[PDB]
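As structure tokens, one chain now follows by itself in the form deposited in one PDB entry.
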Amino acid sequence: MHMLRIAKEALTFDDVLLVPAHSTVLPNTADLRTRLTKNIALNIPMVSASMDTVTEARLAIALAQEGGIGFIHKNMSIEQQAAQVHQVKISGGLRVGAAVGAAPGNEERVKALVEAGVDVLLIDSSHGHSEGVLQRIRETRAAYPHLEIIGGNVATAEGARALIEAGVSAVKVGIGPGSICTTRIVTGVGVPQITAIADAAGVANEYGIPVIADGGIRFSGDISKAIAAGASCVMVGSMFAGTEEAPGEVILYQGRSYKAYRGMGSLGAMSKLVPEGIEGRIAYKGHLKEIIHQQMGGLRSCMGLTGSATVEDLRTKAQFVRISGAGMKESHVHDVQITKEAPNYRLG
């Protein structure tokens, strides 16, 4: 019978914790280096979302200087987007990426971006397993046989495989886990992100193709978990939004400091439309460099606790335990009133 076609149970970040192990690794000796694509290395496993409230040249420069790579968003003219890529390239040999989406008629944007020296092109869609997206990847790969191309987003083994066979240099994973996302609520479609990363990685591992975990990262411990689940690096929006280097001005509202943060599927980013994201504000965070130091500090401390000398060790060898709701509540601060916010644990 099995009238209800339930393929399996799926987990996200708050369903699991990493198990501590024998370790000779110290936090400050952990090696954070990793891969974005088969041919592009990173010194830290962080990439910035291709969103108009997160990544232009300014943030892409600060991030590349810390060892990551920024993806310049496409909500600007072809000329401005190429100028922004070029600005990153002439700021000290830094690497940069750029998003172009998946619609037809992006050829001229793609050509401008390759000419401006873009290191990696992101063909990104809310549905990477769409035949349109797969065909744009094939055409771009035939047109530019040596361009590094990231394609996404998928949330399944099958999708990771279709992207790899279409020619991607990395698979980006995540359908609906984003802070600003309403896709799962408005469509009913999604896969909890830890299960999505692991399913994608089980395929991509076979071809040596890295998986980028995109969306849903809120605390530095979610980075650790995303990597242990199979990701080679993570993509973040909300963790970098609100930084000084992110686009837009600081807004003061009811004693607090904010920057705008919105989904690229929100009515405002898209300009009757049916949106799959919201328009919001995110607490001002100060300089990207300090945020990065705190988040990588957490990852470093995990690598010490797990005995993971390198990111590959965390990604292929660390183990999880599955926890309940009570388990998650124990993991947070509890039964004490906080008198000073820690820089790596800001709730409100």
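Don't overthink the numbering: it's just position in the shown sequence, from 1. Note that the rigid core is defined as the largest set of C-alphas that superpose within 1.5 Å between two forms. Shifts are known only where both forms have a C-alpha.
Below, we turn to the form deposited in another entry, even though it does not appear here.
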Considering only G188, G105, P145, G255, single out the residue whose C-alpha is displaced by at least 2 Å between this form and the one not shown after superposing the rigid core.
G255
Is the C-alpha displacement of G174 equal to or greater than 2 Å between this form and the one not shown once the rigid core has been superposed?
no
Quick read on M76 and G178 CA atoms in the other form, 3 Å or more from the shown distance, and they're farther
Sense of the change in Cα distance from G178 to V47 in the other form - at least 3 Å versus the shown form:
farther
In sequence order, the stretches of at least 3 consecutive residues present in both forms and shifting by 2 Å or more at each Cα after core superposition between this form and the one not shown are 177-181, 249-261, 281-284
